[PDB]
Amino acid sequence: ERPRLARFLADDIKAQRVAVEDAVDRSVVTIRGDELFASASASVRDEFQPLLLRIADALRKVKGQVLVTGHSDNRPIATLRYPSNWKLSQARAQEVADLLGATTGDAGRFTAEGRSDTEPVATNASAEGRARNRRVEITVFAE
């Protein structure tokens, strides 16, 4: 009934690569951007794809709809491809959704939204706080 993912992500939780909230109606996997993407990029580094693969494996077992929200800090590293923190946050969420959709083969199950710096979980006044704000939150709803 209740979507529960922590049980499938023990190693990543212990290594502090992800955090998982198993809530009443959702499981939310928070992943710092640094665990997936190079600085200022929305491509999941080859070396870190296995982390998303473990999430895909878990999502095969808990067949709820999935929302991916992307978040930035308030200190943009603007580039040609991502001219704002908003665009980077959207692109990061969308890349995660796209990769998970392709691996599960569930078309329409994953959607994405970029939320830029509007939903911090930490201060932006330290480097470590900014690194916590740059993140995706992957929400799986009840099956």
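Residue positions are given as counts along the sequence shown, with the first one as 1.
- Higher mean CA B-factor, judged across 59-67 and 107-115 from the recorded values: 59-67.
- Mean C-alpha B-factor is higher over 15-23 than over the other stretch, the pair under comparison being 121-129 and 15-23.
- Highest CA B-factor among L100, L51, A91, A78, as stated in the entry: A78.
- For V140, the recorded CA B-factor ranks within the middle third of the chain. Only modelled residues enter the ranking.
- Ranked against the other modelled residues of its chain, the C-alpha B-factor of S39 as given in the entry falls in the highest third.
- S84: CA B factor lies in the middle third for its chain, per the PDB record.
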